Every structure is written in C-alpha cells, then in structure tokens.
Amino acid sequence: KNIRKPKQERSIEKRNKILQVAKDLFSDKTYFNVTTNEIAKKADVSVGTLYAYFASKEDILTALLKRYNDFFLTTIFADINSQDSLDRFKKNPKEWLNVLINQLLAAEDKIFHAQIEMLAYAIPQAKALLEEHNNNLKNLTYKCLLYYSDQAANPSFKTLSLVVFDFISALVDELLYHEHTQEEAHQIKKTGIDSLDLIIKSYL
C-alpha cells in the first residue's frame, strides 16, 4: 500500500484519458460524428466503464467546457484584464491594439475552440461559455475607454466597446482560421490596427 507510485489514482488517470480522447475526437471529427463506442475504444476502457464516469456524451462535453473556461481565464484573459491594458490604452490606443491582438492571436487550443463555436449553435452550455468570454473582453475594452478620460460610466463607450471588440475579434479570426502568406498576414494586421485606431480615436 505505501510503496513508490504516482500520487494520482488510477480512476483519475482513466477519467483524464477519457476526456483527452474525447476532446481530440471532437476536435478532429466534430462532436456529432463521434460515438460513445469510439471514445471508449480509443481510451482503452470498456463502454460500461465509460458510462460509470460519464452518463452521456454531453456530460463529457460539460467537463471539457469547464476546463476550457479555466484555460481561457488563466492563459488568455488574465494578461488582457490587467491595469497594464488600461495604462497602455491611456498612453496610446494604438499600442493597446497591437498588444491585445497579439494576445488573442497567441491564444492556444484554437482547434477545440472552433468546436465550441460550432456547438454554440446547438448546445446551450457552449453558447453561454463563449458569450461570457466575449462579454468579459467587451467589459475590459469598456474599462480601457473609461480609463482614457477617467470616467465612471458612459453608455456611448459601452456601445463602442461592443463594436470595437466585434471588429477586433473579426480581425483575429481572419488571421487565425484562414490561409494567408506571412506578408499578407502582416498587411491585414497593419490595416486592421491602423483602422481600429482611427475609429477609437474618433469617439474619445
């Protein structure tokens, strides 16, 4: 019993293996084309064992979405949601854009994220998750706008935060999920940035 072995229990290993296998299957085949049988086989567990851990395929999804939320908050949002961003924006709105777009472009796990976007059309948890993340990024954007003029609240800045982030996110997607040369990606980013700078400055 007290012999040299990993601290993590076998039941946790198998649970983690199921989740990683399902995540990868969902990512590659899309969620609706993946069967419970296929998940069990690829995880090297019986179908009965898979059901002991997860009552349905959607319960597996619930668990993966929760993990993506933490990944988002810890690896992408923590640096964006910082006085650093507010300071940067106050000094020059253009440098705020440059840094933010790089942060969003640096976001990892784009393959599974795409699957969450698909699932937003069909699965309420997926829609809610992405709306919350989007809302947090819009709110950060709103806070930067307020910080520029040292305001407490401004409805027109809230509306602007929505439009500006929607455009930012559109630019990120063009760069992330579409094929471009290094040079074409550079020009899209520059045109996008210069354009968003002019817009933001027009309302400040």
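Throughout, we count residues from 1 along the sequence that is shown.
Checked against the record, the higher mean CA B factor of 27 to 35 and 163 to 171 lies with 27 to 35. Stretches 149 to 157 and 172 to 180 differ in mean C-alpha B factor, with the higher average recorded for 172 to 180. When the modelled residues of the chain are ordered by C-alpha B-factor, residue 125 sits in the lowest third.
Ranked by C-alpha B-factor against the other modelled residues of its chain, residue 22 falls in the lowest third.
Sort the modelled residues of the chain by CA B factor and residue 101 lands in the middle third. When the CA B factors of the chain's modelled residues are split into thirds, the value for residue 133 lands in the lowest one.
In the PDB entry, residue 114 places in the middle third of its chain by CA B-factor.
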